[PDB]
$ cat run.cif   # mmCIF, C-alpha atoms
data_structure
loop_
_atom_site.label_atom_id
_atom_site.label_comp_id
_atom_site.auth_asym_id
_atom_site.auth_seq_id
_atom_site.Cartn_x
_atom_site.Cartn_y
_atom_site.Cartn_z
CA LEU N 4 53.53 115.73 -102.35
CA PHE N 5 50.82 117.61 -100.44
CA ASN N 6 47.93 117.11 -97.97
CA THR N 7 49.55 114.27 -95.92
CA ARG N 8 52.15 113.90 -93.20
CA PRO N 9 52.72 110.51 -91.60
CA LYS N 10 49.51 110.47 -89.51
CA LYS N 11 49.89 107.09 -87.79
CA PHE N 12 50.05 107.83 -84.02
CA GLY N 13 49.33 110.51 -81.38
CA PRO N 14 46.20 112.69 -80.90
CA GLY N 15 46.36 114.02 -84.51
CA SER N 16 45.86 110.49 -85.91
CA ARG N 17 42.41 109.84 -84.45
CA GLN N 18 39.12 111.66 -83.73
CA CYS N 19 35.68 111.22 -82.15
CA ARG N 20 33.32 109.43 -84.50
CA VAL N 21 30.26 111.16 -83.05
CA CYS N 22 31.59 114.75 -82.96
CA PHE N 23 34.98 114.66 -84.69
CA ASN N 24 36.93 115.79 -81.61
CA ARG N 25 40.34 114.49 -80.54
CA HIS N 26 40.32 115.85 -76.98
CA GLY N 27 39.08 113.71 -74.09
CA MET N 28 39.13 110.53 -76.19
CA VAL N 29 38.04 107.44 -74.23
CA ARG N 30 39.90 104.49 -75.83
CA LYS N 31 39.24 101.88 -73.08
CA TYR N 32 37.86 98.72 -74.77
CA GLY N 33 38.06 100.49 -78.18
CA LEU N 34 35.28 103.07 -77.73
CA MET N 35 36.88 105.98 -79.64
CA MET N 36 34.41 108.33 -77.92
CA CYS N 37 35.07 111.96 -76.98
CA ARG N 38 33.98 112.42 -73.35
CA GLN N 39 31.36 115.11 -73.89
CA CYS N 40 29.94 112.74 -76.49
CA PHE N 41 30.28 109.60 -74.33
CA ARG N 42 28.57 110.56 -71.06
CA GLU N 43 25.10 111.42 -72.44
CA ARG N 44 24.89 108.26 -74.63
CA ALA N 45 26.37 105.96 -71.91
CA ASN N 46 23.01 104.53 -70.74
CA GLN N 47 22.04 103.63 -74.33
CA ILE N 48 25.30 101.67 -74.81
CA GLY N 49 24.95 99.66 -71.58
CA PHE N 50 26.87 101.59 -68.90
CA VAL N 51 24.73 102.22 -65.79
CA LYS N 52 26.49 104.01 -62.91
CA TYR N 53 26.10 102.92 -59.28
CA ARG N 54 28.31 103.55 -56.24
CA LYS Z 7 41.73 111.33 -104.67
CA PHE Z 8 42.13 114.75 -106.28
CA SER Z 9 40.73 116.61 -109.31
CA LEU Z 10 37.52 116.09 -111.29
CA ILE Z 11 36.15 112.54 -111.46
CA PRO Z 12 36.22 110.91 -114.89
CA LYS Z 13 32.92 110.76 -116.81
CA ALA Z 14 33.07 106.94 -116.85
CA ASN Z 15 33.56 107.03 -113.05
CA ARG Z 16 30.63 109.46 -112.79
CA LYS Z 17 28.45 106.63 -114.15
CA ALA Z 18 30.16 104.21 -111.70
CA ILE Z 19 28.44 106.18 -108.90
CA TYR Z 20 25.11 106.39 -110.76
CA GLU Z 21 24.89 102.74 -111.95
CA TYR Z 22 25.44 101.57 -108.35
CA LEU Z 23 22.62 103.94 -107.27
CA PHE Z 24 20.55 102.78 -110.30
CA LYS Z 25 20.55 99.10 -109.22
CA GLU Z 26 20.41 99.28 -105.42
CA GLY Z 27 18.85 102.70 -104.67
CA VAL Z 28 21.04 103.46 -101.62
CA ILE Z 29 24.51 105.02 -101.39
CA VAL Z 30 26.04 106.17 -98.10
CA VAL Z 31 29.26 108.17 -97.98
CA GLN Z 32 31.52 108.85 -95.00
CA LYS Z 33 32.00 112.57 -94.41
CA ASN Z 34 35.81 112.49 -94.31
CA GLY Z 35 37.71 113.75 -97.35
CA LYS Z 36 40.97 111.90 -96.75
CA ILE Z 37 39.16 108.65 -96.06
CA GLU Z 38 39.54 105.77 -98.52
CA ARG Z 39 36.97 105.37 -101.28
CA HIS Z 40 33.75 104.08 -99.78
CA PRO Z 41 33.45 100.35 -99.34
CA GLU Z 42 31.58 98.94 -102.32
CA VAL Z 43 32.35 101.10 -105.42
CA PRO Z 44 36.05 101.35 -106.44
CA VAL Z 45 36.54 105.14 -106.67
CA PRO Z 46 38.02 108.00 -104.58
CA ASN Z 47 35.96 108.94 -101.49
CA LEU Z 48 36.12 112.69 -102.29
CA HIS Z 49 34.59 111.99 -105.74
CA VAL Z 50 31.55 110.30 -104.09
CA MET Z 51 31.12 113.34 -101.80
CA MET Z 52 31.47 115.76 -104.77
CA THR Z 53 29.02 113.97 -107.09
CA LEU Z 54 26.32 113.82 -104.35
CA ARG Z 55 26.99 117.40 -103.27
CA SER Z 56 26.18 118.04 -106.96
CA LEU Z 57 23.12 115.75 -106.89
CA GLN Z 58 21.30 117.01 -103.74
CA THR Z 59 21.34 120.70 -104.80
CA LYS Z 60 19.34 119.80 -107.94
CA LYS Z 61 16.91 117.75 -105.77
CA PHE Z 62 16.47 114.11 -107.11
CA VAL Z 63 18.27 112.43 -104.16
CA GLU Z 64 17.08 112.92 -100.55
CA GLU Z 65 20.11 113.60 -98.31
CA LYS Z 66 20.06 112.68 -94.60
CA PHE Z 67 23.09 113.10 -92.31
CA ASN Z 68 23.74 111.68 -88.79
CA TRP Z 69 27.09 110.23 -87.69
CA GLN Z 70 29.36 111.62 -90.52
CA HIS Z 71 27.98 108.92 -92.86
CA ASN Z 72 25.29 110.62 -95.02
CA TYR Z 73 22.48 108.10 -95.64
CA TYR Z 74 20.91 108.98 -99.02
CA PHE Z 75 17.50 107.83 -100.28
CA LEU Z 76 16.43 108.04 -103.95
CA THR Z 77 13.03 109.60 -104.77
CA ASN Z 78 10.50 109.15 -107.64
CA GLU Z 79 11.86 112.14 -109.62
CA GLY Z 80 15.40 110.86 -108.93
CA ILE Z 81 14.82 107.52 -110.70
CA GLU Z 82 13.58 109.49 -113.76
CA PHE Z 83 16.91 111.37 -114.03
CA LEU Z 84 19.28 108.40 -113.84
CA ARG Z 85 17.22 106.41 -116.29
CA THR Z 86 17.51 109.19 -118.84
CA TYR Z 87 21.27 109.47 -118.32
CA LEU Z 88 21.59 105.71 -117.80
CA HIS Z 89 19.30 104.82 -120.70
CA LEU Z 90 17.89 102.04 -118.51
CA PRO Z 91 14.57 100.53 -119.57
CA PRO Z 92 11.60 102.39 -118.10
CA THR Z 93 10.12 100.79 -114.97
CA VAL Z 94 13.44 98.97 -114.66
CA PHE Z 95 13.78 99.17 -110.87
CA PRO Z 96 10.67 99.51 -108.66
CA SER Z 97 11.50 99.83 -104.93
CA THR Z 98 8.09 98.19 -104.29
CA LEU Z 99 9.56 95.04 -105.88
CA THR Z 100 11.59 93.04 -103.35
CA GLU M 20 8.48 110.40 -145.27
CA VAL M 21 8.37 106.87 -146.71
CA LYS M 22 11.41 105.50 -144.84
CA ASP M 23 14.16 107.88 -143.54
CA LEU M 24 16.77 109.90 -145.49
CA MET M 25 20.07 109.43 -143.59
CA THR M 26 18.98 108.92 -139.98
CA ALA M 27 21.72 106.24 -139.78
CA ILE M 28 23.97 109.08 -138.53
CA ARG M 29 21.61 110.44 -135.84
CA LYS M 30 20.23 107.12 -134.49
CA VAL M 31 23.67 105.54 -133.90
CA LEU M 32 25.44 108.56 -132.32
CA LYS M 33 22.66 108.75 -129.70
CA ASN M 34 22.76 105.03 -128.84
CA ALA M 35 26.58 104.58 -129.03
CA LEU M 36 26.90 106.86 -125.94
CA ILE M 37 25.39 104.03 -123.88
CA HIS M 38 28.66 102.13 -124.48
CA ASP M 39 30.66 105.40 -124.92
CA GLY M 40 32.75 105.17 -128.11
CA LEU M 41 32.53 108.56 -129.82
CA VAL M 42 35.71 110.64 -130.16
CA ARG M 43 35.93 114.43 -130.69
CA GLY M 44 38.80 116.86 -131.45
CA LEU M 45 41.72 117.03 -133.91
CA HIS M 46 44.15 115.41 -131.43
CA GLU M 47 41.77 112.62 -130.37
CA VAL M 48 40.45 111.84 -133.89
CA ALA M 49 44.11 111.70 -135.06
CA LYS M 50 44.87 109.41 -132.08
CA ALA M 51 41.77 107.34 -132.97
CA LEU M 52 43.16 107.12 -136.53
CA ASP M 53 46.68 106.31 -135.25
CA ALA M 54 45.33 103.25 -133.41
CA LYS M 55 43.44 99.93 -133.69
CA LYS M 56 40.27 101.90 -132.94
CA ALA M 57 38.39 104.09 -135.41
CA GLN M 58 35.79 102.35 -137.62
CA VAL M 59 34.04 105.28 -139.37
CA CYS M 60 35.16 108.94 -139.67
CA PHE M 61 33.65 112.22 -140.95
CA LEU M 62 34.64 115.75 -142.00
CA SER M 63 32.92 118.98 -143.13
CA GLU M 64 31.88 119.51 -146.73
CA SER M 65 33.92 122.68 -146.52
CA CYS M 66 36.00 123.49 -143.44
CA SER M 67 39.21 125.36 -144.27
CA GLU M 68 42.91 124.48 -144.48
CA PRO M 69 43.70 122.51 -147.64
CA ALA M 70 46.08 120.45 -145.53
CA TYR M 71 43.46 120.09 -142.81
CA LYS M 72 40.91 118.81 -145.31
CA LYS M 73 43.67 116.84 -147.02
CA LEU M 74 45.11 115.49 -143.78
CA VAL M 75 41.84 113.86 -142.78
CA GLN M 76 41.66 112.19 -146.18
CA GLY M 77 45.37 111.40 -146.08
CA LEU M 78 45.37 109.82 -142.64
CA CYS M 79 42.56 107.57 -143.80
CA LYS M 80 44.48 106.70 -146.98
CA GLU M 81 47.13 104.92 -144.83
CA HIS M 82 45.07 102.63 -142.55
CA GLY M 83 41.71 102.67 -144.44
CA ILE M 84 38.36 103.76 -142.96
CA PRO M 85 36.67 106.33 -145.27
CA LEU M 86 35.02 109.74 -144.86
CA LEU M 87 31.71 110.86 -146.35
CA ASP M 88 30.47 114.51 -146.43
CA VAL M 89 27.46 115.49 -144.24
CA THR M 90 26.49 119.24 -144.20
CA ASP M 91 27.38 122.51 -142.35
CA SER M 92 30.49 122.72 -140.13
CA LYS M 93 28.43 123.91 -137.13
CA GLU M 94 25.92 121.04 -137.51
CA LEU M 95 28.22 117.97 -137.71
CA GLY M 96 28.45 116.94 -134.05
CA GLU M 97 24.92 118.00 -133.00
CA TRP M 98 23.48 114.66 -134.20
CA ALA M 99 25.58 113.27 -131.33
CA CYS M 118 35.42 116.09 -136.97
CA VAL M 119 33.90 112.76 -135.85
CA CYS M 120 35.20 109.29 -134.97
CA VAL M 121 33.24 106.14 -134.03
CA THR M 122 34.80 103.25 -132.11
CA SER M 128 21.86 96.44 -137.50
CA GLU M 129 18.62 98.56 -137.29
CA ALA M 130 20.23 102.00 -137.84
CA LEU M 131 23.45 101.03 -139.67
CA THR M 132 21.79 99.11 -142.59
CA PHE M 133 21.68 102.30 -144.74
CA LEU M 134 25.37 103.16 -144.08
CA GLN M 135 26.93 99.65 -144.11
CA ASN M 136 25.99 98.79 -147.72
CA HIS M 137 27.31 102.20 -148.90
CA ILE M 138 30.68 101.97 -147.06
CA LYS M 139 32.18 98.60 -148.09
CA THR M 140 30.14 97.68 -151.19
CA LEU M 141 28.74 100.02 -153.88
CA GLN H 129 26.27 58.51 -83.20
CA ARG H 130 29.22 58.70 -80.78
CA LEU H 131 30.08 59.55 -77.14
CA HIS H 132 30.72 63.34 -77.19
CA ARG H 133 31.14 66.13 -74.60
CA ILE H 134 29.59 69.62 -75.00
CA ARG H 135 30.00 72.72 -72.77
CA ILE H 136 27.87 75.67 -73.91
CA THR H 137 28.98 79.24 -73.10
CA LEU H 138 26.41 81.91 -72.15
CA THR H 139 27.10 85.67 -71.89
CA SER H 140 24.93 88.79 -71.54
CA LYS H 141 24.60 92.17 -69.76
CA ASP H 142 21.42 91.30 -67.80
CA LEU H 143 21.12 88.72 -65.01
CA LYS H 144 17.42 88.18 -65.79
CA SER H 145 18.05 87.21 -69.45
CA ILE H 146 20.39 84.30 -68.56
CA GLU H 147 18.24 82.99 -65.65
CA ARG H 148 15.55 82.33 -68.28
CA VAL H 149 18.07 80.40 -70.41
CA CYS H 150 19.65 78.40 -67.54
CA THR H 151 16.22 77.22 -66.30
CA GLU H 152 14.85 76.55 -69.82
CA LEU H 153 17.73 74.65 -71.50
CA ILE H 154 18.27 72.24 -68.55
CA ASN H 155 14.53 71.40 -68.67
CA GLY H 156 14.92 71.19 -72.48
CA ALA H 157 17.71 68.65 -71.91
CA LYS H 158 15.51 66.78 -69.36
CA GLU H 159 12.95 66.18 -72.13
CA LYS H 160 15.53 63.78 -73.62
CA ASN H 161 17.24 63.12 -70.23
CA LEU H 162 20.90 63.72 -71.16
CA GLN H 163 23.82 63.75 -68.69
CA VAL H 164 23.39 67.32 -67.38
CA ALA H 165 25.60 69.09 -64.87
CA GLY H 166 24.36 72.38 -63.38
CA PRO H 167 25.26 75.87 -64.65
CA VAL H 168 28.82 76.79 -63.60
CA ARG H 169 28.77 80.49 -62.64
CA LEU H 170 32.14 82.13 -63.40
CA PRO H 171 33.40 85.37 -61.77
CA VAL H 172 31.80 88.62 -62.96
CA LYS H 173 33.94 90.79 -65.27
CA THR H 174 32.89 94.30 -64.20
CA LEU H 175 34.01 96.91 -66.76
CA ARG H 176 34.60 100.48 -65.56
CA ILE H 177 34.96 104.00 -66.99
CA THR H 178 35.35 107.16 -64.88
CA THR H 179 34.95 110.42 -66.83
CA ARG H 180 34.47 113.95 -65.48
CA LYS H 181 30.83 115.13 -65.31
CA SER H 182 31.47 118.69 -66.54
CA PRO H 183 32.32 119.49 -70.19
CA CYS H 184 34.73 122.29 -69.15
CA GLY H 185 36.98 122.72 -66.09
CA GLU H 186 34.68 124.88 -63.92
CA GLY H 187 33.21 123.99 -60.53
CA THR H 188 34.42 121.17 -58.29
CA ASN H 189 36.07 118.31 -60.18
CA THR H 190 33.25 115.74 -59.99
CA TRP H 191 33.29 112.27 -61.58
CA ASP H 192 30.92 109.61 -62.91
CA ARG H 193 31.55 105.97 -62.00
CA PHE H 194 30.03 104.05 -64.92
CA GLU H 195 29.86 100.23 -64.97
CA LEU H 196 29.00 97.31 -67.22
CA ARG H 197 28.66 93.74 -65.92
CA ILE H 198 29.27 90.53 -67.92
CA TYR H 199 28.10 87.07 -66.79
CA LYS H 200 29.93 84.01 -68.17
CA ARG H 201 27.92 80.84 -67.38
CA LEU H 202 28.47 77.27 -68.58
CA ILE H 203 25.89 74.49 -69.11
CA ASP H 204 27.68 71.09 -69.18
CA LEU H 205 26.55 68.07 -71.24
CA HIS H 206 27.66 64.63 -72.47
CA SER H 207 25.78 64.02 -75.74
CA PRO H 208 26.17 64.04 -79.57
CA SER H 209 25.88 67.26 -81.60
CA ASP H 210 22.78 66.28 -83.65
CA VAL H 211 20.72 66.05 -80.41
CA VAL H 212 21.65 69.54 -79.09
CA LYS H 213 20.62 71.54 -82.22
CA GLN H 214 16.90 71.12 -81.40
CA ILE H 215 17.41 72.43 -77.83
CA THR H 216 19.42 75.58 -78.70
CA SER H 217 17.61 76.71 -81.88
CA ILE H 218 14.20 77.02 -80.20
CA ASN H 219 14.18 79.55 -77.30
CA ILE H 220 16.73 82.13 -78.49
CA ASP H 221 16.65 85.25 -76.28
CA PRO H 222 16.82 88.99 -77.18
CA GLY H 223 20.37 90.34 -76.75
CA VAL H 224 22.13 87.25 -75.34
CA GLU H 225 25.29 86.01 -77.12
CA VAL H 226 25.44 82.18 -77.06
CA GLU H 227 28.02 79.81 -78.62
CA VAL H 228 27.91 75.98 -78.57
CA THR H 229 31.25 74.12 -78.33
CA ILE H 230 32.32 70.45 -78.37
CA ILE H 231 34.98 69.87 -75.67
CA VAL W 102 47.13 122.06 -133.61
CA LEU W 103 48.86 118.89 -134.88
CA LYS W 104 49.42 120.86 -138.15
CA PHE W 105 53.18 121.29 -137.45
CA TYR W 106 54.68 118.58 -139.67
CA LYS W 107 56.25 118.64 -143.12
CA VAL W 108 52.90 118.36 -144.94
CA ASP W 109 52.83 117.09 -148.57
CA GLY W 110 50.32 116.53 -151.41
CA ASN W 111 49.38 113.40 -153.40
CA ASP W 112 49.03 111.52 -151.10
CA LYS W 113 51.72 111.05 -148.39
CA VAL W 114 52.01 113.24 -145.28
CA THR W 115 55.42 112.89 -143.58
CA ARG W 116 55.68 113.40 -139.80
CA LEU W 117 58.07 115.13 -137.37
CA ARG W 118 59.21 114.37 -133.78
CA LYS W 119 59.80 110.60 -133.78
CA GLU W 120 58.03 108.89 -130.87
CA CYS W 121 59.31 106.23 -128.44
CA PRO W 122 56.00 105.18 -126.88
CA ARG W 123 55.37 103.55 -123.49
CA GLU W 124 52.89 100.66 -123.28
CA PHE W 131 54.78 113.14 -130.16
CA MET W 132 57.97 114.22 -128.38
CA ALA W 133 59.09 117.58 -126.98
CA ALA W 134 62.44 118.78 -128.36
CA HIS W 135 64.52 121.56 -126.76
CA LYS W 136 68.02 120.01 -126.71
CA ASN W 137 69.58 116.50 -126.42
CA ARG W 138 66.65 114.64 -124.79
CA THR W 139 63.41 113.35 -126.25
CA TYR W 140 60.44 113.48 -123.84
CA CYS W 141 56.85 112.19 -124.26
CA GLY W 142 53.87 114.11 -122.82
CA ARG W 143 51.16 111.47 -122.41
CA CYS W 144 53.42 108.72 -120.98
CA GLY W 145 52.62 108.53 -117.26
CA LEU W 146 56.14 107.57 -116.23
CA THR W 147 58.43 110.28 -117.65
CA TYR W 148 60.87 109.14 -120.35
CA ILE W 149 64.43 110.34 -121.10
CA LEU W 150 66.83 109.48 -123.94
CA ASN W 151 69.64 111.95 -124.80
CA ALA W 152 71.09 112.31 -128.32
#
$ encode --input "run.cif" --output "structure tokens"
Amino acid sequence: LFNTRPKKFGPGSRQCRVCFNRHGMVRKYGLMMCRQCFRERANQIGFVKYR
Amino acid sequence: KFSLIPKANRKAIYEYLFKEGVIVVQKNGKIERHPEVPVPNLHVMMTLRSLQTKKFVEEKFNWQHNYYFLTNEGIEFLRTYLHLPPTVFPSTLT
Amino acid sequence: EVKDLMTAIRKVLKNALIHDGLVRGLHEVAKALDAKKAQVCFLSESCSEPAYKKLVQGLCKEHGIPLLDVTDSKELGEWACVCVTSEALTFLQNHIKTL
Amino acid sequence: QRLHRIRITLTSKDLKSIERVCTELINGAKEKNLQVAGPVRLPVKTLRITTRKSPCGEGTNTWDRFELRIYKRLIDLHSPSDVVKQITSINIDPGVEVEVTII
Amino acid sequence: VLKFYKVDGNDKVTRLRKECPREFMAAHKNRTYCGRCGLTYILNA
């Protein structure tokens, strides 16, 4: 009637939980993390970069 | 969903907050009513937009999810509306 | 005073709004009458509309449940047209059914 | 009691957290002297994400190479289930997911 | 506002717009239609 399309798939369906942003959405292993959001909190999750 | 929440379902928000003393609501408007209390999710956001701006409840954000605490003057208000016996729910009690 | 001259109105209409069963308006009182609902009703001593005054009495005449009287058309509802779906009611209850 | 066979999974992020558990629970078995085999070290499932460092497009297109590491390790036993509950319940570690399994 | 019936004295009050209720009707032409009923109701005449 109003205020809803079919919203099931594509970038419009889903957003970053931390900052509410669709762009740059890391969905590997079911993160649902926007990249700007993901890199700074990556050490606190577990991810430690080397080589 | 949409429109003003019934006045029975106003007390459905308050009587949950009267017993437990916590109520957290997801920021999203189109999201399903919050797990726990069977109402629209917008109506929980509207009633605690209403509550915070007359003090009583202590709002605290992070993470879209809005983690409310209920103060000493807050438990006076609900009891009056609720009609609950005085000293009914101390947070000091376990 | 020695006991209390008609506080059976004012005590009950406060405490009934715990359970929420007071009904207000000409539509909703008429719907409460046209129902398996309304247990006591009220009107003004003087309101207006012979039919309006008569209708309240008339509606009751079908399915029972009486009126009384009270006082002042402004100061009817302020103790809470009224509808109501021991302790306080002991003064009213013996007047309503018995004489 | 009955002749059973138990093979307990161990997983965590740290190496140092499991090397406590592998040393402790075999010595905890050797209190009672059950039929222990040594801890079977499976291959390491290294998880990987590569994002860009910059928020916007500017500069040279540089990249992080983030990594987790996960360490599946398996203590083998042949013993009934009532015996093992004493060994596992004492000495639980911080942030180490452990699940006991018959067969 | 529910005054619009054929009102009478001593002591009956006859009604207008005969209802067909789901579990008073509007009247323009042919159909009868109930306001409060959440599913909308149609019967021509």
$ atom_distance --input "run.cif" --atom1 "CA of residue 115 (chain W)" --atom2 "CA of residue 141 (chain W)"
19.4 Å
$ atom_distance --input "run.cif" --atom1 "CA of residue 133 (chain M)" --atom2 "CA of residue 29 (chain M)"
12.1 Å
$ closest_atom_pairs --input "run.cif" --of "chain M" --to "chain Z" --cutoff "12 Å" --atoms "only C-alpha atoms" --output "JSON lines"
{"residue": "M:33", "atom": "CA", "partner": "Z:89", "partner_atom": "CA", "distance": 10.4}
{"residue": "M:34", "atom": "CA", "partner": "Z:89", "partner_atom": "CA", "distance": 8.8}
{"residue": "M:35", "atom": "CA", "partner": "Z:89", "partner_atom": "CA", "distance": 11.1}
{"residue": "M:36", "atom": "CA", "partner": "Z:89", "partner_atom": "CA", "distance": 9.5}
{"residue": "M:37", "atom": "CA", "partner": "Z:89", "partner_atom": "CA", "distance": 6.9}
{"residue": "M:38", "atom": "CA", "partner": "Z:14", "partner_atom": "CA", "distance": 10.0}
{"residue": "M:39", "atom": "CA", "partner": "Z:14", "partner_atom": "CA", "distance": 8.6}
{"residue": "M:40", "atom": "CA", "partner": "Z:14", "partner_atom": "CA", "distance": 11.4}
$ residues_around --input "run.cif" --residues "residue 8 (chain N)" --least-positions-apart "6" --cutoff "12 Å" --atoms "all atoms listed in the file" --output "number ranges by chain"
N: 15-16; Z: 36
$ residues_around --input "run.cif" --residues "region 120-137 of chain W" --least-positions-apart "6" --cutoff "7 Å" --atoms "only C-alpha atoms" --output "number ranges by chain"
W: 144, 151-152
$ atom_distance --input "run.cif" --atom1 "CA of residue 9 (chain Z)" --atom2 "CA of residue 53 (chain M)"
28.5 Å
$ closest_atom_pairs --input "run.cif" --of "chain W" --to "chain M" --cutoff "7 Å" --atoms "all atoms listed in the file" --output "JSON lines"
{"residue": "W:103", "atom": "CA", "partner": "M:46", "partner_atom": "CA", "distance": 6.8}
{"residue": "W:112", "atom": "CA", "partner": "M:77", "partner_atom": "CA", "distance": 6.2}
{"residue": "W:113", "atom": "CA", "partner": "M:77", "partner_atom": "CA", "distance": 6.8}
{"residue": "W:114", "atom": "CA", "partner": "M:77", "partner_atom": "CA", "distance": 6.9}
$ write_last_selection --input "run.cif" --atoms "C-alpha atoms" --output "PDB file, in the frame of the given file"
ATOM      1  CA  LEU W 103      48.860 118.890-134.880  1.00  0.00           C
ATOM      2  CA  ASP W 112      49.030 111.520-151.100  1.00  0.00           C
ATOM      3  CA  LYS W 113      51.720 111.050-148.390  1.00  0.00           C
ATOM      4  CA  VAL W 114      52.010 113.240-145.280  1.00  0.00           C
TER       5      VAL W 114
END
$ residues_around --input "run.cif" --residues "region 83-90 of chain M" --least-positions-apart "4" --cutoff "6 Å" --atoms "only C-alpha atoms" --output "count of residues only"
5
$ closest_residue --input "run.cif" --among "H:168, H:177, H:211, H:157" --to "residue 31 (chain N)" --atoms "all atoms listed in the file"
H:177
$ resolve_selection --input "run.cif" --expression "the PyMOL selection byres ((chain N and resi 26) around 12)" --output "CSV table (one decimal) with C-alpha atoms, in the frame of the given file"
chain,number,residue,atom,x,y,z
N,13,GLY,CA,49.3,110.5,-81.4
N,14,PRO,CA,46.2,112.7,-80.9
N,15,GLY,CA,46.4,114.0,-84.5
N,16,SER,CA,45.9,110.5,-85.9
N,17,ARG,CA,42.4,109.8,-84.4
N,18,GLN,CA,39.1,111.7,-83.7
N,19,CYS,CA,35.7,111.2,-82.2
N,22,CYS,CA,31.6,114.8,-83.0
N,23,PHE,CA,35.0,114.7,-84.7
N,24,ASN,CA,36.9,115.8,-81.6
N,25,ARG,CA,40.3,114.5,-80.5
N,27,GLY,CA,39.1,113.7,-74.1
N,28,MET,CA,39.1,110.5,-76.2
N,29,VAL,CA,38.0,107.4,-74.2
N,30,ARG,CA,39.9,104.5,-75.8
N,35,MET,CA,36.9,106.0,-79.6
N,36,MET,CA,34.4,108.3,-77.9
N,37,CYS,CA,35.1,112.0,-77.0
N,38,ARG,CA,34.0,112.4,-73.4
N,39,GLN,CA,31.4,115.1,-73.9
N,40,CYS,CA,29.9,112.7,-76.5
H,183,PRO,CA,32.3,119.5,-70.2
H,184,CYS,CA,34.7,122.3,-69.2
$ interface_residues --input "run.cif" --of "chain H" --to "chain N" --cutoff "12 Å" --atoms "only C-alpha atoms" --output "PyMOL selection string"
chain H and resi 140-142+174-184+191-198+223
$ resolve_selection --input "run.cif" --expression "the PyMOL selection byres ((chain M and resi 30) around 10)" --output "NGL selection string"
:M and (25-29 or 31-35 or 98-99 or 129-131)
$ residues_around --input "run.cif" --residues "residue 134 (chain H)" --least-positions-apart "6" --cutoff "9 Å" --atoms "all atoms listed in the file" --output "ChimeraX atom specification"
/H:203-209,212,228-231
$ residues_around --input "run.cif" --residues "residue 65 (chain Z)" --least-positions-apart "2" --cutoff "10 Å" --atoms "all atoms listed in the file" --output "PyMOL selection string"
chain Z and resi 30+54-55+57-59+61-63+67+72-76
$ resolve_selection --input "run.cif" --expression "the PyMOL selection byres ((chain Z and resi 46) around 12)" --output "ChimeraX atom specification"
/Z:7-12,15-16,18-19,31-32,34-45,47-53
$ axis_aligned_box --input "run.cif" --around "region 25-33 of chain N" --padding-each-side "4 Å" --output "AutoDock Vina command-line options"
--center_x 39.1 --center_y 107.3 --center_z -76.8 --size_x 10.5 --size_y 25.1 --size_z 15.5
$ closest_atom_pairs --input "run.cif" --of "chain Z" --to "chain N" --cutoff "9 Å" --atoms "only C-alpha atoms" --output "tab-separated table"
residue	atom	partner	partner_atom	distance
Z:36	CA	N:6	CA	8.8
Z:68	CA	N:21	CA	8.7
Z:69	CA	N:21	CA	5.7
Z:70	CA	N:20	CA	7.5
$ residues_near_point --input "run.cif" --point "(52.9, 116.2, -140.0)" --cutoff "7 Å" --atoms "only C-alpha atoms" --output "short mmCIF file (atom, residue, chain, number, x, y, z; two decimals) with C-alpha atoms, keeping the file's coordinate frame"
data_model
loop_
_atom_site.label_atom_id
_atom_site.label_comp_id
_atom_site.auth_asym_id
_atom_site.auth_seq_id
_atom_site.Cartn_x
_atom_site.Cartn_y
_atom_site.Cartn_z
CA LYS W 104 49.42 120.86 -138.15
CA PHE W 105 53.18 121.29 -137.45
CA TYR W 106 54.68 118.58 -139.67
CA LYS W 107 56.25 118.64 -143.12
CA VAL W 108 52.90 118.36 -144.94
CA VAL W 114 52.01 113.24 -145.28
CA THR W 115 55.42 112.89 -143.58
CA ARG W 116 55.68 113.40 -139.80
CA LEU W 117 58.07 115.13 -137.37
#
$ build_atoms --input "run.cif" --residues "region 213-220 of chain H" --atoms "N, CA and C atoms" --output "mmCIF file, in the coordinates of the input"
data_model
loop_
_atom_site.group_PDB
_atom_site.id
_atom_site.type_symbol
_atom_site.label_atom_id
_atom_site.label_comp_id
_atom_site.auth_asym_id
_atom_site.auth_seq_id
_atom_site.Cartn_x
_atom_site.Cartn_y
_atom_site.Cartn_z
ATOM 1 N N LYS H 213 21.093 70.505 -81.282
ATOM 2 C CA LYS H 213 20.620 71.540 -82.220
ATOM 3 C C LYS H 213 19.128 71.876 -82.103
ATOM 4 N N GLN H 214 18.313 70.891 -81.726
ATOM 5 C CA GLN H 214 16.900 71.120 -81.400
ATOM 6 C C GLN H 214 16.701 71.986 -80.145
ATOM 7 N N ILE H 215 17.537 71.763 -79.131
ATOM 8 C CA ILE H 215 17.410 72.430 -77.830
ATOM 9 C C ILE H 215 17.783 73.916 -77.923
ATOM 10 N N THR H 216 18.889 74.212 -78.605
ATOM 11 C CA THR H 216 19.420 75.580 -78.700
ATOM 12 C C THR H 216 18.634 76.480 -79.659
ATOM 13 N N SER H 217 18.189 75.921 -80.786
ATOM 14 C CA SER H 217 17.610 76.710 -81.880
ATOM 15 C C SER H 217 16.240 77.300 -81.535
ATOM 16 N N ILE H 218 15.407 76.512 -80.857
ATOM 17 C CA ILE H 218 14.200 77.020 -80.200
ATOM 18 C C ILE H 218 14.603 77.671 -78.868
ATOM 19 N N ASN H 219 13.888 78.736 -78.492
ATOM 20 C CA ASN H 219 14.180 79.550 -77.300
ATOM 21 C C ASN H 219 15.526 80.284 -77.384
ATOM 22 N N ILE H 220 15.671 81.108 -78.421
ATOM 23 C CA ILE H 220 16.730 82.130 -78.490
ATOM 24 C C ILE H 220 16.207 83.430 -77.881
#
